[PDB]
Amino acid sequence: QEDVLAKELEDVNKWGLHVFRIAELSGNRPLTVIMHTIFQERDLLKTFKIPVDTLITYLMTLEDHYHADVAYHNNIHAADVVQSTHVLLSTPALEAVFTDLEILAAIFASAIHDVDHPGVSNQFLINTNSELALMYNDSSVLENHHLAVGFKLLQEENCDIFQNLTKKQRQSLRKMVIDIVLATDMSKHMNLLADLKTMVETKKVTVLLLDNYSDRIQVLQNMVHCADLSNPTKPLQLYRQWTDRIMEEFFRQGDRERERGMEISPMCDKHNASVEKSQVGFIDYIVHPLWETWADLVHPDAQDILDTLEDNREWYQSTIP
Ligand SMILES: COc1cc(-c2ccc(=O)[nH]n2)ccc1OC(F)F
Ligand SMILES: [Mg+2]
Ligand SMILES: [Zn+2]
């Protein structure tokens with residue numbers, strides 16, 4: 001079983017990694033094994049003097065804080081976003097652009113980005129006067145919580161993977177990680193995309209040139225956002241599983257809403273839903289606009305990813321008539 005897991009992990013640098021198989025083969029530790037593999041591949045343990053034992057302890061702790069009974073926002077999704085970010089960071093157009101600390105920040109942010117997700121939306125939490133919404137004043141409720149949990153877990157015994165970073169490095173990494181995870185809130189999507197489009201329109205090359213923090217962090221924010229919304233760009237067998245899972249989560253939220261006498265949220269009513277129309281809409285209005293813009297920024301590095309997205313959109317559309 002360990003040999004088969006090692007075999008599947010050889011594809012860690014590729015789009016379309018068999019993440020569900022890795023989840024099974026690793027004994028439900030996809031986040032831990034994919035993160036460890038990526039840290040080894042990028043030589044991050046040596047660069048930042050992270051003891052291996054500390055890395056594994058933190059990762060297992062973090063993974064334990066993803067809910068086992070949430071169909072989508074679980075440890076498999078976190079592992080998938082981590083691995084997808086790892087591939088996007090390796091894009092030829094961004095070679096030598098980011099510092100090791102920025103790379104570490106983007107990967108760590110991806111790992112913690114949905115930790116302790118309850119399987120319901122920010123709007124549900126706000127509408128139900130939840131403890132989370134009250135704590136966070138209805139603003140990026142989940143995303144603020146994911147950050148707080150991800151950082152708080154570093155304080156557990158033998159969990160501080162940044163123990164050997166300088167104070168300045170820790171301060172910088174913390175700010176970057178916060179900026180990245182807060183950008184995964186879908187309420188920020190339109191502004192994030194508008195800014196990415198502006199970057200493509202004012203693009204300078206030499207490989208991409210990004211001289212200041214605002215531009216670098218903006219690219220990392222959009223990169224992790226793309227990774228988060230990467231399901232429709234993956235091979236169809238993976239994409240369909242992700243669709244099954246998000247719909248299960250949405251339907252369970254709708255069941256909760258119906259029990260409370262609330263109006264059922266879009267796509268959450270199992271009795272009045274069109275899974276296929278919803279995916280075509282998701283791609284047409286959100287995923288394709290974002291990915292086409294990313295592809296333009298790194299043209300032509302992401303052409304195969306964009307082609308897959310377009311093929312998958314056509315497939316889902318073809319099932320409707
Ligand atoms: C896989 O499709 C979807 C995925 C998400 C999704 C992506 C990342 C994330 O963290 N949460 N939700 C949200 C909606 C989706 O589908 C559509 F119906 F809107
Ligand atoms: Mg999220
Ligand atoms: Zn996510």
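Only heavy atoms go into these numbers, but all of them, side chains included; no hydrogens, no water, no symmetry mates. Along the sequence shown, residues carry numbers from 1.
- Judged by distance alone, the side chains of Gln279 and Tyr239 do bring a donor and an acceptor atom under 3.5 Å apart.
- Side-chain N or O atoms of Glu8 include none that pairs as donor or acceptor with a backbone N or O of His18 at under 3.5 Å.
- A donor-acceptor distance shorter than 3.5 angstrom exists from the side chain of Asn312 to the backbone of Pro232, with no hydrogens or angles considered.
- Comment: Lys14 does not engage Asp11 in a salt bridge, judged by the lack of any side-chain N to carboxylate O separation of less than 4.0 angstrom.
- Looking at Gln253, its side chain does come within 3.5 Å of a backbone N or O of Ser121 through a donor-acceptor pair.
- Listed here is the closest heavy atom pair of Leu238 and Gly16: CD1-O, 3.7 Å.
- Using modelled atom types and a 3.5 Å distance limit, the side chains of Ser90 and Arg42 yield a donor-acceptor pair.
- Of all non-hydrogen atoms in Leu44 and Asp100, the two that sit nearest each other are CD2-O, 4.4 Å.
- Aromatic ring orientation, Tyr72 versus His77: tilted (interplanar angle from 30° to 60°).
- Using a 3.5 Å distance cut-off with no hydrogens or angles, the side chains of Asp301 and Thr91 do pair a donor with an acceptor.
- With no hydrogens or angles considered, no side-chain donor-acceptor pair links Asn222 and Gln218 at under 3.5 Å.
- Side-chain atoms of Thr184 never come within 3.5 Å of backbone atoms of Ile180 as a donor-acceptor pair (strictly under, hydrogens ignored).
- By the 4.0 Å N-to-carboxylate-O rule, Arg170 lies close enough to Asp160 to be salt-bridged with it.
- In this structure, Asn272 contributes its side chain and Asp269 its backbone to no donor-acceptor pair below 3.5 Å.
- Under 3.5 Å, the side chains of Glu276 and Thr319 contain no donor-acceptor pair of N or O atoms.
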Derivation of the side chain to side chain contact (heavy atoms under 4.5 Å, CB included) call for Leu89 and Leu94:
CA-CA 7 Å; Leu89 279 165; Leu94 302 174; over 6 Å; no
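- Judged purely by distance below 3.5 Å, without hydrogens or angles, the side chains of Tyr213 and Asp179 pair a donor atom with an acceptor atom.
- Defined by atom type and a distance below 3.5 Å, a donor-acceptor pair is present between the side-chain atoms of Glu257 and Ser265.
- In this model, a donor atom of one side chain and an acceptor atom of the other lie less than 3.5 Å apart for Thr243 and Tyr316.
- Partners of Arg29 by side-chain hydrogen bond (donor to acceptor under 3.5 Å, both in side chains), not counting sequence neighbours, listed by chain and number: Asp64.
- In this structure, a donor-acceptor pair under 3.5 Å is absent between the side chains of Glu143 and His113.
- The cationic atom of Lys234 (NZ for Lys, CZ for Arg) lies less than 6.0 Å from the six-membered ring centre of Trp15 and within 45° of the ring axis.
- Of all the heavy atoms in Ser110 and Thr85, the pair that sits closest is OG-OG1, 2.9 Å.
- In this pair, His189 and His225 present their aromatic rings tilted. The plane angle is within the 30 to 60° band.
- No side-chain donor-acceptor contact under 3.5 Å links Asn74 and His67.
- Checked for salt-bridge contact, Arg252 and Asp255 miss the test: no charged N lies under 4.0 Å from a carboxylate O.
- Looking at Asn122, its side chain never comes within 3.5 Å of a backbone N or O of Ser140 through a donor-acceptor pair.
- Looking only at distances, no side-chain donor or acceptor of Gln221 sits under 3.5 Å from a matching main-chain atom of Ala183.
- Listed by first and then second residue, the salt bridge (charged side-chain N to carboxylate O under 4.0 Å, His left out) pairs involving residues 222-233 amount to none (not counting sequence neighbours).
- Between the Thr37 side chain and the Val33 main chain, a donor and an acceptor come within less than 3.5 Å of each other.
- Inspection of the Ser139 and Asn137 side chains reveals no N or O donor paired with an N or O acceptor under 3.5 Å.
- Evaluation of the salt bridge (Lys or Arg N to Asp or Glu O under 4.0 Å) rule for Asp114 yields no partner, not counting sequence neighbours.
- The two residues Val12 and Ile38 have their closest heavy-atom pair at CG2-CG1, 3.7 Å.
- Taking the six-membered ring for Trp, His117 and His146 have ring centres closer than 6.0 Å.
- The main-chain N or O of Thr99 is found under 3.5 Å from a side-chain atom of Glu102 such that the two form a donor-acceptor pair.
- No salt bridge links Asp211 with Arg216; every basic N to acidic carboxylate O contact stays at or beyond 4.0 Å.
- The backbone N or O of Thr233 sits nowhere less than 3.5 Å from a side-chain atom of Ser230 that would complete a donor-acceptor pair.
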